[PDB]
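Single chain ahead, by itself, as structure tokens, in the form deposited in one PDB entry.
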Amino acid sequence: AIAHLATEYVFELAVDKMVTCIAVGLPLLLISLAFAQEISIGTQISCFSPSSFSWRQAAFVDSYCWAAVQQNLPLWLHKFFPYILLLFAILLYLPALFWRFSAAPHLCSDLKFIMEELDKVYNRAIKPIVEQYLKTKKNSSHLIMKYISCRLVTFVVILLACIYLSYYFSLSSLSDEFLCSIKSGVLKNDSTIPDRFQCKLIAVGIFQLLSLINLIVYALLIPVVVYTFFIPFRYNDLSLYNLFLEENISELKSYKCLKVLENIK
């Protein structure tokens, strides 16, 4: 049931995790809404098998035509549509996976050092190596390149998704039906068989609507991703550390005091 999907979701900067969780989670959700669960009914294609065709002859036409999709461009998309959404899902996850593997371990070690030293600064203020170290990160653009690349690849893939979905949704209405033919090889010569079988890719009607839903959300997601490039308003690694430091304020025992002190004073 759909609840077994929704509860699988209802029950690394925060906005970028949200962007990724949307960017990846939605198409995986939509695929699970599209090809799976009972709205899809029993089959993906069916065709006017003649009344003379046996139950398996008719099933042979339907299954042959499901291959014959690849032998026209919208039909090719309409068949592979779940995998194409999955491909976008994977391609949107990879920036976060690359971030996790290539950038997050350095940032983790740096932030943990920074936070502990800043708590020492507060302890000593009650009672500058870290500042010089931070002022050295001020003279660096290594980790921000990784971050920008992750945001930029996400932005590019989202645009490719929006382009693909806009094209797909616009073309879908014209082309959920096609004129298959089983007449090939030897049995091309079979006079008992119609020259072409009309077939409907029954799932295309679902994919059309859900492509629009995916397009709308990604069209909403583009400006949120674009906003990530406004880094100094949110271009040196220190600015990225500062943003992650502002994120990790939850851990700054000192800041929980010092911000209250500042806010009153």
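The term rigid core refers to the maximal set of C-alpha atoms that superpose within 1.5 Å between the two forms. From 1 onward, residues are counted along the sequence shown.
Not pictured, yet referred to below: the form deposited in another entry.
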Taking the rigid core as the frame, does residue 226 move its C-alpha by 2 Å or more between this form and the one not shown? no
Determine, after fitting the two forms on their core, whether residue 254 shows a C-alpha shift of 2 Å or more between this form and the one not shown. yes
Aligning on the core only, does the CA of residue 40 end up 2 angstroms or more away between this form and the one not shown? yes
Residue 80 and residue 38: do their C-alpha atoms lie closer or farther in the other form than in the form you see, with a change of 3 Å or more? closer
Compared with this form, is the residue 38-residue 170 Cα separation smaller or larger in the other form, the difference being 3 Å or more? closer
